[PDB]
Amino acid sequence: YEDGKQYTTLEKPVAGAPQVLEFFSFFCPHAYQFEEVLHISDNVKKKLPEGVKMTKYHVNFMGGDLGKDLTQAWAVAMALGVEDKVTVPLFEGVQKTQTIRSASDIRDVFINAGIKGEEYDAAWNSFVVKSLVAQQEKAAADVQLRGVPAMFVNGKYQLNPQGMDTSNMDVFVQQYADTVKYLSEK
């Protein structure tokens, strides 16, 4: 494992932080890059068993006001538990068909995903969401988020991809996957 290589350790723990935290933006990386980060993100879970939950927050430091809307829209997603239904259409919407330009178009993605309009409007104006939006930004600050994608464990560690199983990707994934495990059981 040797810290400094695959996982760094923060000069200062974050207390009260999720067992596993991922940070992402609907604005970067682009295309296949976003879709493979997604795969990796997914496998870390088919291997992080027994009570260890994964959390994923959006970061607004990319996108401006459409970015602050997306961070709010992601809070609605987590509230409604529709993360796996709106991720790709949101991703493809903002980036691929470049159709999402306003907070309204975001709404169109949820509705076109099966979520009722009033359910969505009720969450977007709901409190739970306002508290998730603040909860997301805090986390970004607490770890002094620099950029994405990023993953932290127990609030102690910052996973570290680029000093690890280079070539391939499957080989990459099992290590990024194996690393997160330890830190949990650590």
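The first residue of the sequence shown is number 1, and the count goes up from there.
- With 22 to 30 and 150 to 158 compared on mean CA B-factor from the PDB entry, the stretch scoring higher is 150 to 158.
- Of the two segments, 73 to 81 and 91 to 99, the one listed with the higher mean B-factor is 91 to 99 (C-alpha atoms only).
- Ranked by C-alpha B-factor against the other modelled residues of its chain, residue 121 falls in the lowest third.
- When the modelled residues of the chain are ordered by their C-alpha B factor, residue 59 lands in the lowest third.
- Per-chain ranking of the deposited C-alpha B factor places residue 36 in the lowest third.
- Residue-level temperature factors show residue 139 in the middle third of its chain, judged at the C-alpha atom.
- Compared with the other modelled residues of the chain, the Cα B-factor recorded for residue 145 ranks in the middle third.
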